[PDB]
Amino acid sequence: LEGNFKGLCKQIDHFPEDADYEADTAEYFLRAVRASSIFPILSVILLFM
Amino acid sequence: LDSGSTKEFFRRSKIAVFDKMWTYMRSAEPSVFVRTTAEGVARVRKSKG
């Protein structure tokens, strides 16, 4: 919103091109946890259950 | 760098720590010789580590 192509939505993904980290075991977890946001999903399911 | 004196040093290298690298550089796919010095620099800038 407030760009040239206003009101246009697309998918976002974790940074795939020259990420400059070689899958650091602390970094690769926190990126995968954010992209597949399991803890906001787990808040949805436990509210439902 | 091709046809340089840094090529000649690993060619004439006698020490075993120096000899094992030139058998690695000759048996390297693809060929790592570059046309100019700055084009070898631009390969590192696009190398990804």
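This entry, as listed in the PDB, derives from cryo-EM and reports a resolution of 4.02 Å.

**Q** I keep staring at the overall build of chain B and nothing clicks. Help me out?
**A** Assigned secondary structure in chain B consists of three helices and zero strands. Going from the N terminus to the C terminus, chain B shows its helices and strands as α-α-α. Each principal axis of the C-alpha atoms in chain B carries an extent, and together these give about 30 × 20 × 15 Å. Counting only residues that meet the buried cut, chain B has 14% of its 49 residues in that class. Surface exposure of chain B reaches about 4400 Å², of which carbon and sulfur atoms provide 57%. Positive and negative charge centroids in chain B, built from 11 and 5 side chains respectively, lie 4 Å apart.

**Q** Explain the overall build of chain A here, please?
**A** Scanning chain A from N- to C-terminus turns up two helices and zero strands. Along the longest, intermediate and shortest principal axes, the C-alpha atoms of chain A span 40 × 35 × 10 Å. Considering chain A as a whole, with its 49 residues, one finds that 0% of them fall into the buried category. Working note: accessible area of chain A is about 5200 Å², and carbon and sulfur atoms make up 64% of it. Separation between the mean location of the 4 positive side-chain charges and that of the 8 negative ones in chain A comes to 13 Å.

**Q** Would you mind showing me how to read the environment of B:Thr6 here?
**A** By secondary structure assignment, the location of B:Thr6 is in helix 1 (residues 5-11). For B:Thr6 and B:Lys20, which are 14 residues apart along the polypeptide, the C-alpha to C-alpha distance reads 16 Å.

**Q** It is not clear to me how a negative patch on the surface should be interpreted in this structure. Could you clarify?
**A** Together, A:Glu17, A:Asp18, A:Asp20, A:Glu22 and A:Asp24 make up a negatively charged patch on the protein surface. Relative to the helices and strands, A:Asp20 is located in the segment before helix 1 (27-35).

**Q** What should I look at first to understand the side chain of B:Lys7 in this one?
**A** Residue and element names in this part refer to chain B. Residue position: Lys 7 is located in helix 1. One buried charged residue, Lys 7, forms no salt bridge at all, with the nearest opposite charge on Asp 2 at 4.6 Å. Residues within four places of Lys 7 in sequence aside, it is in contact with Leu 1, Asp 2, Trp 22 and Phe 33.

Rules behind the numbers
The residue numbers shown here are sequential, starting from 1 for each chain in the order of its written sequence. They can differ from the numbering used in the entry, and residues that have no coordinates are not displayed. Just so you know, chain letters begin at A and ligand numbers begin at 1, following the order they were written in. Here the displayed chains are drawn from a larger assembly, and the quantities reported describe the displayed chains exclusively. The side-chain numbers reported here are obtained from all heavy atoms of the structure, hydrogens and water having been left aside. The way it works is that DSSP assigns letters per residue, a run of H or I at least four long becomes a helix, a run of E at least two long becomes a strand, and they are numbered from the N terminus. The cut-offs for exposure are 20% and 50% of the maximum accessible area for each residue type, with area from a 1.4 Å probe on protein chains only; residues under the lower value are buried, those over the upper are exposed, and the others partly exposed. Only the protein chains shown count as covering a residue, and every accessible area follows the Shrake-Rupley method with a 1.4 Å probe. By the counting rule applied here, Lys and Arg register as positive and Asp and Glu as negative, while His and the ends of each chain are not counted. In plain terms, the charge of a residue is placed at NZ if it is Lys, CZ if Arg, CG if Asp and CD if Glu. Note on patches: the residues involved have over 30% relative accessible area and no salt bridge, like charges join within 9 Å, and the nonpolar side chains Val, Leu, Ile, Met, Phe, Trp and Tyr join within 5 Å. Salt bridges are defined by distance alone: a side-chain nitrogen of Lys or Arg within 4 Å of a carboxyl oxygen of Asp or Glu. The contact rule is simple, with two residues in contact once any of their heavy atoms fall within 4.5 Å.

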